[PDB]
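**Q** How does the following fold in three dimensions:
(4 chains, ligands or ions: 6)
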Amino acid sequence: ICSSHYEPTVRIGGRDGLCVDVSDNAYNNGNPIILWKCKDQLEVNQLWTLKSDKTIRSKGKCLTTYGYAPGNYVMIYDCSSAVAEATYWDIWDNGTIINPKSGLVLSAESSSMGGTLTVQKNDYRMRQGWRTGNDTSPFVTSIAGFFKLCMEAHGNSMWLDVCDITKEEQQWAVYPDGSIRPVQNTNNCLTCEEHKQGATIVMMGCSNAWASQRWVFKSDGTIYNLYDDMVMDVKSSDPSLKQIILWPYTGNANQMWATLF
Amino acid sequence: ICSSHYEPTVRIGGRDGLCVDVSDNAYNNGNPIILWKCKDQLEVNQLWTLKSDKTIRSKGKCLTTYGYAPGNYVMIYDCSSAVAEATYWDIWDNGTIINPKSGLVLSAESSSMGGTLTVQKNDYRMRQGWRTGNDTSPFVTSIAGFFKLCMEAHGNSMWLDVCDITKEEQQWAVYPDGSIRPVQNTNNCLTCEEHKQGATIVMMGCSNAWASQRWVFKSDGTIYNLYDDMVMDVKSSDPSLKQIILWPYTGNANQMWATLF
Amino acid sequence: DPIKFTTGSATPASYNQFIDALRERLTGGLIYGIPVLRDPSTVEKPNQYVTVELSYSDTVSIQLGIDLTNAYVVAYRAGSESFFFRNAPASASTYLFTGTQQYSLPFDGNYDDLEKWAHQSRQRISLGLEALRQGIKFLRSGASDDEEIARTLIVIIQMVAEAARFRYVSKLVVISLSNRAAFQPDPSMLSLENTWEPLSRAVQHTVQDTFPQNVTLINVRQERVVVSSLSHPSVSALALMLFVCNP
Amino acid sequence: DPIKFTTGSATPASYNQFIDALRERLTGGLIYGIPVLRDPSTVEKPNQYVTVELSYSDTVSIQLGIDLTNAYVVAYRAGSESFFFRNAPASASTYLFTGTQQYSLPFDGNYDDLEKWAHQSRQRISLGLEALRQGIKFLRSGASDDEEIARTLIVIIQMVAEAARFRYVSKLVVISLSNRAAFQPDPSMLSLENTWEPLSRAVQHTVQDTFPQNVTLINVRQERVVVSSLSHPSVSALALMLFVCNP
Ligand SMILES: CC(=O)N[C@@H]1[C@@H](O)[C@H](O)[C@@H](CO)O[C@H]1O
Ligand SMILES: CC(=O)N[C@@H]1[C@@H](O)[C@H](O)[C@@H](CO)O[C@H]1O
Ligand SMILES: CC(=O)N[C@@H]1[C@@H](O)[C@H](O)[C@@H](CO)O[C@H]1O
Ligand SMILES: CC(=O)N[C@@H]1[C@@H](O)[C@H](O)[C@@H](CO)O[C@H]1O
Ligand SMILES: CC(=O)N[C@@H]1[C@@H](O)[C@H](O)[C@@H](CO)O[C@H]1O
Ligand SMILES: CC(=O)N[C@@H]1[C@@H](O)[C@H](O)[C@@H](CO)O[C@H]1O
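**A** Numbering: from 1, shown residues only, chains lettered A, B, ... in the order given. Ligands and ions are numbered 1, 2, ... in the order given. Dropping the coordinates below:
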């Protein structure tokens, strides 16, 4: 029976591979929690102990919603002076950080490094995506398809080709926020043409940080999307087509994928 | 330009893997040359120097036809006292020992160990077949057919099966006389049903020592028969048939064979 | 008893069907949507082992003894003889390949011992189908060359037991088949092999979707990936966890 | 220049067609109905070499430099770089893979040196197709691991140059392909490899269909076959003789 004596302490990566941050390294109750660059070595204003009581702490103070309405900011507050329930948090194995009482979820709503965080409604945005802890670097790897086959990336779309570790086009960076990005132009993200049973995954701007750009490497062996509840699938199990499509789970060989890191 | 200073000295194997022999180890001019057991170590009455002058000598005396008529015997005679041309011999790369003048050829005409040799007409009998020198032991080996395929031996006939060195049935002994014999029953020889464009190689009694039991492992990669001028071939290049047939040379994969010793 | 891969007529399709069906048998429960093995304190000794058959032709096949535990490979049977590693316990011997003559190899069944015996590191020894069919053929025609028996065991374990554990090893295999060319394991594979226990335990102690100790893997270009989260892509490489605790 | 085996789409049929076509090019004359190579005093230096291409995909291929002589393999080219054995003479270097950058491997091109470098005898190193495709892939993605470069060279030479010489090596290969399982050379193969010169000379000095010195081979069960005759079955194993003298 796995004990829970343990209380680890990690930094938190997220939108665009940035870090969760205590503004300027200042802690006065009320100070906004921002989304800065992931600093070179491990500083305090970027580290977070994930305590048993379900609170999240830097330098002993608490990660705190200002209030329970979608669009209110998270700040640093001394946890005892702070409103009890406004300081509890819950991190899901699916990569979202929810606040129980509010039902709202932590999200990074602007591009800028200097961005503030907010509780939002849960739409499973790439921007509502998070991934603890310490090594924030995106995960550089090759995604393998069927037998003999890997995702290759040509400008805007992507299809499958013969797995070759030499080719750069077959190399992807998966970011703490759940985006998949070609190590060539890390400003692209794999995206759904639309939220349809049919699209046809394209490459688009992560400027947007939408729900349709956040992917899960799920342990049934599918590449899953928690907003669409659909996975990445290889058209009619015919790869000559140069098309990969969002489709519901069957579990057939065509839907299965491997991280070949 | 390969010099011919060389005059080697070897024993001679032949019919049934027996040796060419000087009767009782006695040399008096006129003494019949017999076909004895191949003695354990190398004795003089079994060794033969193959001289430049085209004579064949044991203990300094000559291998000699009594006369030039098919059915006359070969004997030991002191070469100078002997009739010049009756002492010249010629060994062909095809394994026959001819006497130039007579046109007759050396052959072992009875089963018995105590058998005498005779000059005969050249019919390319297994009994007219010979193979120099020193190591008379038959050549134990596996014959490989097509791809993946070897001769296997079941009682009386033979077909092809998957090459397995474990199986005994795939093991053959090729004898100095040119017979091929299954190491199981070395009293069988691979034989032609008949001397026809069609047979169908069977296994028969080497009691007979016929022309249709003497095979050449020819260096074009065929298993050839110098009396029929035909080779061993695998029916319609279909092996399901369990039939191998005497047929004229095409050179196609089906006619080609490998000694896998 | 009959969980068997026919290596004659192997396809990527064919080989998978197998590994799956094996993971299946090994699969004791799910933890956080990952197949965990059974609690060795939930299994009785006579129930503890599994038999996988690898056939070459038919004729021509050897069995493996798989602990249900690990997932480890305690032993292999080749005809009317069977062979066990020098560290299989008394149970493997009494409850497995009975009715056979039972000998003990002079080596442990970890790699750093098999490697010792093969005179060759894990990473120089090539994997593929033809190499596994060469292995079945060898081990079957019982020729006592320990040096080889090690080498060829290493091939099998990897292409079977390691295949069972890491989705990463299955593909590498499947890629060989489709490619028809052999491969040696890269830094990435060796990691997963060498880090199964500690990664297994991580997944299971996970609390806020966070590992209480950082598991550190190596990627093809010998860089460190340091994984502190259940949410990590890599974690997906794991298809079978050794049981360490219930949450 | 273009004598090339495509290893993609290999069949027993395919592979033969190749070896043949190669023996063809190497075939200088016939002696006693056996293909002999050319007199190195009949060939000029700029004419002395041949190029064999082994392709993996297409993309993805390396060339070999074959002395026309032997039949030996002086060098191999992998893209815009080529590599020569430390004992190729000045001729190979000036007249071969020109227009490329030319480096020298730190090993001779006999086996007892390649083996030295591979830390592994000829007889532990496995042969097959997947193993040759693994070789092309390797040598092409230019990764300086001498240890491997040796090992993988040994594979190729055998499956190509040794294949050219002995009808016995062609089959062993062809059997692998049809079987789809790797093999290591047995006593029987190593013999033929180790005894090509002395057997070549025998065939050529032959007088009454008799070799003036007994050539001694080893059969699968390490017994001696001692061959004193052109008429011997074994002699058939020889498909290409090094030239030693005209009769
Ligand atoms: C002592 C300290 O504050 N340093 C922490 C360490 O304890 C923590 O476990 C690790 C992530 O695992 O990050 C370090 O920077
Ligand atoms: C059985 C149930 O209702 N449990 C849900 C689960 O299905 C949900 O998706 C998960 C984390 O994402 O947390 C719980 O609220
Ligand atoms: C010296 C002597 O008489 N012995 C001979 C030898 O010279 C000969 O070369 C060999 C066959 O090669 O057979 C031996 O028994
Ligand atoms: C060109 C010619 O007539 N030469 C023949 C040859 O064809 C014959 O078969 C050989 C040995 O068997 O000896 C010669 O008499
Ligand atoms: C000294 C050591 O080996 N500890 C490492 C540490 O360097 C690292 O930052 C942390 C998370 O990356 O994981 C720990 O296990
Ligand atoms: C001493 C030695 O190695 N010489 C061998 C001899 O033993 C053998 O009888 C003969 C024919 O078999 O071949 C010679 O080369």
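**Q** C-alpha from now on. contacts and neighbour counts both.
**A** Fine.
**Q** Select the longest helix from chain C.
**A** Assignment by DSSP state H gives helix C:12-26 as the longest helix of chain C.
**Q** tell me the SS of the closest residue to residue A:219 other than its chain neighbours?
**A** Distances taken as C-alpha to C-alpha, 6 or more residues apart in numbering or on different chains place residue C:236 nearest to residue A:219, at 5.1 Å, with adjacent residues excluded. Secondary structure, DSSP: H, G, I helix; E, B strand; the rest coil: residue C:236 is helix.
**Q** Enumerate every residue touching residue C:236.
**A** Residue C:236 makes contact with A:217, A:218, A:219, A:221, A:259, C:167, according to C-alpha atoms under 8 Å, 6 or more residues apart in numbering or on different chains.
**Q** What helix or strand is the fifth one located in?
**A** Secondary structure here is read from DSSP states H and E; on that basis residue A:259 sits in strand A:258-260.
**Q** Count the neighbours of residue A:236 for me.
**A** 12 (other C-alpha atoms under 10 Å in any protein chain shown).
**Q** sorry, that was for residue A:207
**A** 12.
**Q** element containing it, please.
**A** Counting by DSSP H and E, residue A:207 is part of no helix or strand.
**Q** For the closest residue to residue C:3 other than its chain neighbours, what is the enclosing helix or strand?
**A** Once flanking residues are discounted, residue C:3 sits nearest to residue C:52: 4.9 Å by C-alpha to C-alpha, 6+ apart. Element membership for residue C:52, per DSSP H and E: strand C:49-55.
**Q** From residue A:220, how far out is the residue nearest to residue A:219?
**A** 8 Å (C-alpha to C-alpha, to the nearest Å).
**Q** and what of residue C:55?
**A** Noted for residue C:55: a distance of 29 Å to residue A:220, by C-alpha to C-alpha.
**Q** Could you look up the SS state of residue A:198?
**A** Going by three-state DSSP: residue A:198 is coil.
**Q** How is the chain partitioned into domains?
**A** I went with chain A, as the question did not name one. Per the record, chain A has its domains at A:1-137, A:138-261, by curated CATH domains.
**Q** You answered for a different chain; I wanted chain C.
**A** C:1-166, C:167-247.
**Q** Quick check, the residue in the stretch 51-200 of chain A closest to chain C?
**A** residue A:148 (4.7 Å; C-alpha to the nearest C-alpha).
**Q** ok, now which ones touch the closest residue to that residue other than its chain neighbours?
**A** In this structure, residue A:148 finds its nearest non-sequential neighbour in residue C:175, 4.7 Å apart by C-alpha to C-alpha, 6+ apart. Taking C-alpha under 8 Å, 6+ apart, we find residue C:175 in contact with A:147, A:148, A:149, C:12.
**Q** Secondary structure element for residue C:175, which one?
**A** helix C:167-179.
**Q** Show the subsequent helix or strand relative to that helix.
**A** helix C:187-194.
**Q** So which bits of that next one are buried?
**A** Judged by neighbour count using 16 or more other C-alpha atoms under 10 Å in any protein chain shown, the buried positions of helix C:187-194 are C:187, C:188, C:189, C:190, C:192, C:193.
**Q** and the residues you listed, which two are the farthest apart?
**A** C:187 and C:193 (10.0 Å; C-alpha to C-alpha).
**Q** is stretch A:230-250 anywhere near chain C?
**A** No. Shown here: stretch A:230-250 not in contact with chain C (C-alpha under 8 Å from any C-alpha of the partner chain), separated by at least 13.0 Å.
**Q** My error: substitute stretch A:7-18 in the last question.
**A** Yes. Stretch A:7-18 is in contact with chain C by C-alpha under 8 Å from any C-alpha, via A:7, A:8.
**Q** Residue C:73: what's its closest spatial neighbour, skipping adjacent residues?
**A** Nearest one to residue C:73, counting by C-alpha to C-alpha, 6+ apart, is residue C:66 at 4.4 Å.
**Q** host element of residue A:56?
**A** Counting by DSSP H and E, the element that carries residue A:56 is strand A:56-58.
**Q** Give me the contacts around that strand.
**A** A:44-51, A:62-63, A:87-89.
**Q** What helices and strands are in contact with the helix or strand that that strand is followed by?
**A** Using DSSP H and E, the next helix or strand after strand A:56-58 towards the C-terminus is strand A:61-65. Counting contacts by 3 or more C-alpha pairs under 8 Å, 6 or more residues apart in numbering or on different chains; DSSP states H and E, strand A:61-65 is packed against strand A:56-58, strand A:74-77.
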